[PDB]
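Quick heads-up: it's one chain on its own, the form deposited in one PDB entry, in structure tokens.
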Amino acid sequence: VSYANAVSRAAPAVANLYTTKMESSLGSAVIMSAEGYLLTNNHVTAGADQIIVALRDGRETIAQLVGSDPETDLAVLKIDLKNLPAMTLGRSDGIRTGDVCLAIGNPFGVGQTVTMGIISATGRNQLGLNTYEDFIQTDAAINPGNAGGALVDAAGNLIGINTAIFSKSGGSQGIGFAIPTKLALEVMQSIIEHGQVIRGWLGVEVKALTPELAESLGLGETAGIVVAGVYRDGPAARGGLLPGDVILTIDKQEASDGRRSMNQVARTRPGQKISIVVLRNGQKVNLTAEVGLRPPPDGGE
């Protein structure tokens, strides 16, 4: 078959990044709107003193950093250039494992490069790369230099931002990871608006429901989550939260799973008052907390 039409569609909207820092390094980025906004990875541009964007048509320009988001490994850039080709968006929840995809980037600085593979899996958290993980996995060859570039579906629509690989060799072994478009678009929109992403911030821990601690517990291996360990000087601290008490309920929503609950708390607004309930065998043990702002906190695992 051929993916030429998909490449023709998407490749004009993928650029090369050349960054100098204290010294030179390489990457990719995706043009998201004709106004000149670009998505790339945080680790590509972090601390850079100059960022050059090189387009497929040959034009080069210096970019400005709009803002960056280390906890998803994303960053937004802005350029001032006319008649820019923008990427079409795919549906990252609309993808299935086994669908064909294309990676577009600048591996090893050889030039813009298209590789092909399939969606190997979706929803990869537990990789231990970023705080907020939801990776698409792909076997399209992805190498140092691909970071910040496009993962595209078989029609050329954007489904992710290529980010990381797992390798024992320094280069592709067919296990690569892209940030899904749905996550990346959120981050991008908020950075454009507020210079960063405003998360609901707690300063608290939580880990899995081990079986024997909840064995004695009346419920049976589901529908709850075990808590421990607490950060200090912040609102859970001031709200009476503390290592060892277990969390039934935060903002009235049961925090049954750790990753779910990170997200919910993340999608809250700082300064707001919300109630929190620590463990007792009954319904509640009632605390309150003022939602704070969370401070500030091609890769290979």
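If you superpose the two forms and keep the largest set of C-alpha atoms that fall within 1.5 Å, you have the rigid core. Start at 1 with the first residue shown and count on from there.
Although not depicted, the form deposited in another entry is the subject of the following passage.
Trainee: Relative to the superposed core, which single residue of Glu193, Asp80, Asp93, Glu212 shows a CA shift of 2 Å or more between this form and the one not shown?
Mentor: That would be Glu212.
Trainee: Is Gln126 among the residues whose Cα moves by 2 Å or more between this form and the one not shown after superposition of the rigid core?
Mentor: Shift of 2 Å or more: no.
Trainee: Could you tell me whether the Cα atom of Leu55 shifts by at least 2 Å between this form and the one not shown after core superposition?
Mentor: False for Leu55: its C-alpha shift is below 2 Å.
Trainee: Core-aligned, is the CA shift for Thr222 between this form and the one not shown 2 angstroms or more?
Mentor: Result for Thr222: yes, a 2 Å-plus shift.
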